[PDB]
Ligand SMILES: *[C@@H]1O[C@H](CO)[C@@H](O)[C@H](O)[C@H]1NC(C)=O
Ligand SMILES: *[C@@H]1O[C@H](CO)[C@@H](O)[C@H](O)[C@H]1NC(C)=O
Ligand SMILES: *[C@@H]1O[C@H](CO)[C@@H](O)[C@H](O)[C@H]1NC(C)=O
Ligand SMILES: *[C@@H]1O[C@H](CO)[C@@H](O)[C@H](O)[C@H]1NC(C)=O
Ligand SMILES: *[C@@H]1O[C@H](CO)[C@@H](O)[C@H](O)[C@H]1NC(C)=O
Ligand SMILES: *[C@@H]1O[C@H](CO)[C@@H](O)[C@H](O)[C@H]1NC(C)=O
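Protein chains in written order, with PDB author numbering: chain W, 946 to 994; chain L, 27 to 68, 80 to 143, 153 to 172, 187 to 211, 216 to 245, 263 to 308; chain D, 309 to 476, 487 to 602; chain U, 407 to 455.
The structure is reproduced here in C-alpha cells:
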C-alpha cells in the first residue's frame, strides 16, 4: 500500500490539475481559443485575464 | 396503476462524444427506481408535462401513434402534435380545436384526430420495447428515443436525441394518441446529477443517480463505480 | 556552471491553415427582417428562425443605417468567421429613450413587461429610426405594449394575454402608441431587432461567408471547423461518432476529434509535437 | 464622437482615426453649427468610405 498510495496521490493530483482546465473561473468559457475567436482584444482581455 | 422504473430514462445529456470517461452531468433525468405511472389500453387522460416525461411504450402493433401537448387543448391555446402516421413522421405546432378522443382509423379508414385549426408556425413531415423522452427548455423541445428488442427489464440502455424544435410554447399538460379500428408509462423528470460511464465505444452503458442512496452518493463523490 | 539546464520549448509550427465549412450557398434573408414592412407590437414581438444559410453580417454592419448596433459575447467584425446552430431574430418597435432598456440587467416598462434578455446574452442588438415609416400625422396607434401584469418576465418569453388587469381598479393592461412624425427624438419611433445566437455543438447551420478549403492530414495544420479554431495534426481515427455527435471531447474539455462538416468523417486531432529543450553544457 | 475611443469601431474609427487600447490622453469635442454648417451646404469636410 505505502508505495501504491504514493503513485495514486501523484497521479490523482495531476488529474485534478488537468481537470482544472475545464473551469470558467468566471470567464465566458474555459476554452482559450473560443474567446480568441469571439471577442476583440479590448474585451477578450478581461476574460483571458 | 403504478410500477417501478428500474434503470430507465437515461439519455445522452450532450451532443459530444466521450470515451471511457466517468462524466458527471447535472441535468433533469428520470430518477432511478422512480415510480412510473402505467396506463393500459384494453385510456387517454390529460396528464401534466411540467418538467418532462419519460413516455415509455411497449406495444406489439404500433397502435400508439401520436402525442399532443397543450396548455388548454382548445383552439385558442397552443398545441404541439407529434403524429406518427406509420407512413411518414409528422409534427405540427398548430392551435387546434381538439376532439376529446382523437384517433386514426385503419386499409386505412379514418383520420379523426381533430376538427379545425386557426393559425400556427410550423409543420414537418418525413418482441420490442420503445422508450422516449420529451423535454422543453426555454422553448426548445428535445426528443430522445430508443428501440430495443424484448419479448420493464432492469437492463440499461442509452437514449439519443433525434429532434429539437423551437416551439416557444409554455407547456404544462399533454396527451397521447391511440388509433382504434398497448401499455404506456409516464414518468416525470427531475434535476438529478447522474454520473455516467461511457465505454470504449463511447456509449452510456452504466450510470448512478447521485441522490438515490448513500452508496450512490458515495459513488458520485469519488467519481467511481467501485468503492 | 556545468550541468543540464531546461531552457526553452520546442513547438512545431503549423504549415498551413485549414478552414472547413459546410458547403451551402443559401444566403439567408435578412432583408425582410430589416426591410420588413411591419413588425408586430413589441409585446407580440416577431420571432424568426435563421438556419441553413450563409450570413454576411459585415454588409449588415457597415450599412451605417442603424442608430445603435452593439454586440455582446461576440464582436461584429469577429462574428463573420463563426458558424452557429441557429440565429434567433426577434424584432419589434419600441420608443426612443427605451432602446437602452434592451440589454441584460436592464429594467423598466418594456424590459420588465415586454422583453427581457438574459444575463448571459450572446447576441447583438440593433435599432434605427422610423419617423418616415412608423409615425403618421394624427396618430398611428397600431403599436401596442403591456402596462400591467402580476409579475416579471423570464428571458425571451411572450405574453399576449388581454385579461383586464386586477389592481385591487380594472384597467386594460395594453396601451398603444400615439405617434406623430413631428415629435422629438426622445418621442421618435425605433425599429428594433435583436439576434441571439444558439451556440451549440449540434451541426451548425448558419455560417459566415468564408471559403472552406481543402483538408490535409498528418501534417501540422492551423485548423478551423465551423468556427472552432485550433492547431494540430488531423488523422483518420476510429472513434465511432454516432450520427448526431460532432465534437469528440478530451478530459480537459479541449476538442479531441471532429466530424468534418463536408464529408461526414471523423478526424482525430493530436497536438503538434512539442517538448522541452534542455542544454547540456560543461561550465562555460 | 463616442466612436473616438479605444476599442471603438465604425466608419471613422475603422477608416479615419483609431486610438490605441493603451491611450494615455484626453478627448474633447464641441459644437460648430455657427462655424461649420452653412446654408445650402459646406462640403469642405471629407472622410474615407
Ligand atoms: C409508488 O407508488 C405506489 C403505488 O403503487 C405507492 O405505494 C408508493 O408510496 C409510491 N412511492 C413513491 C416513492 O412515490
Ligand atoms: C403556462 O401555462 C399555465 C397555465 O396552463 C400558466 O399557469 C403558467 O403561468 C404559464 N407559464 C408562463 C411562463 O406563462
Ligand atoms: C390568428 O391570430 C390572431 C391574433 O394575432 C387572432 O385574432 C385570430 O383569431 C387567429 N385566427 C383565427 C382564424 O382565429
Ligand atoms: C464496439 O463496437 C465493436 C464493433 O462495432 C464491438 O466489437 C465492440 O464490442 C464494441 N465495444 C463494446 C464495449 O461493446
Ligand atoms: C459538401 O459538398 C459535397 C460535394 O462536394 C456534398 O456531397 C456534401 O453533401 C456537401 N455538404 C454540405 C454540408 O453542404
Ligand atoms: C433593405 O433594402 C435596402 C435597399 O433599400 C438594401 O440595401 C438592404 O440590404 C436591405 N436589407 C438587407 C438586410 O438586405
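Where a beta carbon is used, it is the ideal one built from N, C-alpha and C, also for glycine.
Flagged as an interface residue toward chain D: residue 416 of chain U, by a C-beta distance shorter than 9 Å. Residue 517 of chain D sits buried, since 16 or more C-beta atoms from the chains shown fall within 10 Å of its C-beta. By the neighbour-count definition (other C-beta atoms within 10 Å, threshold 16), residue 598 of chain D is an exposed residue.
Under the Cβ criterion (8 Å, minimum of three pairs), the region 508-525 of chain D counts as touching the region 422-431 of chain D.
For residue 44 of chain L, the C-beta contacts it makes with chain D under 7 Å involve 567, in order along the chain.
For residue 424 of chain D, the three-state secondary structure derived from DSSP is coil. Take residue 139 of chain L, set aside five residues on each side of it, and the residues of its chain with a beta-carbon closer than 6 Å to its own are 159 and 241, in chain order. Residue nearest to residue 410 of chain D within the set D:435, D:397 and D:390 is D:435 (criterion: CA-CA distance). The three-state reading of DSSP puts residue 442 of chain U in helix, counting H, G and I together.
In the structure shown, residue 538 of chain D adopts coil according to DSSP, grouped into three states. Along the region 330-415 of chain D, the alpha helix (DSSP H) occurs as fully enclosed runs of 4 or more residues at 339-342 and 365-369, listed in sequence order.
Legend: CB atoms of the region 373-400 of chain D lying less than 8 Å from CB atoms of chain U belong to residues 384 and 385. Beta-carbon to beta-carbon, residue 399 of chain D and residue 344 of chain D are separated by about 7 Å, close enough to satisfy the 8 Å threshold. Residue 331 of chain D has its CB nearer than 8 Å to a heavy atom of ligand 5.
Setting aside the 5 residues that flank it on each side, residue 44 of chain L is surrounded in the same chain by 279 and 283, each with a C-beta closer than 7 Å to its C-beta; the list follows chain order. Taking 9 Å as the cut-off, the Cβ atoms of residue 91 of chain L and residue 224 of chain L do not count as close. Here residue 324 of chain D is exposed. Its C-beta has fewer than 16 other C-beta atoms within 10 Å. Beta-bridge partners assigned by DSSP to residue 328 of chain D: D:543. The beta-carbon of residue 994 of chain W is placed no less than 9 Å from the nearest beta-carbon of chain U. Residue burial is scored here from C-beta neighbours: residue 544 of chain D has at least 16 other C-beta atoms within 10 angstroms and is therefore classed as buried.
Membership of residue 288 of chain L in the beta strand (DSSP E) is indicated by the continuous run 285-290. In this structure, residue 952 of chain W sits away from residue 569 of chain D, with a CB-CB distance that is not shorter than 9 Å.
At least one CB of chain W lies nearer than 9 Å to the CB of residue 547 of chain D. For the C-beta of residue 47 of chain L, the chain D residues within less than 8 Å are, from N- to C-terminus, 569.
With contacts defined by Cβ atoms closer than 9 Å, residue 546 of chain D and residue 524 of chain D do not form a contacting pair. Here residue 454 of chain U is exposed, its C-beta having fewer than 16 other C-beta atoms within 10 Å. In the DSSP assignment, residue 987 of chain W falls within the unbroken alpha helix (DSSP H) covering 986-993. Per the CB criterion, closer than 6 Å to any heavy atom of ligand 4, the qualifying residues run in chain order as L:280, L:281 and L:282. With the criterion CB distance below 5 Å from any heavy atom of ligand 1, the matching residues run L:28 and L:61 along the chain. Residue state for residue 312 of chain D is assigned as strand, using DSSP reduced to three classes. Between ligand 6 and the CB of residue 341 of chain D, the shortest heavy atom gap is smaller than 8 Å. For residue 323 of chain D, no chain W residue has a C-beta closer than 8 Å to its own C-beta; the minimum C-beta separation is roughly 18 Å. From the listed residues L:188, L:155, L:63 and L:226, the smallest Cα separation to residue 210 of chain L is found for L:188. If you draw a straight line from the Cα of residue 275 of chain L to the Cα of residue 392 of chain D, it comes to about 28 Å. Shown here, residue 241 of chain L sits in a strand according to DSSP, grouped into three states. For the pair residue 317 of chain D and residue 987 of chain W, the Cα-to-Cα distance works out to about 29 Å.
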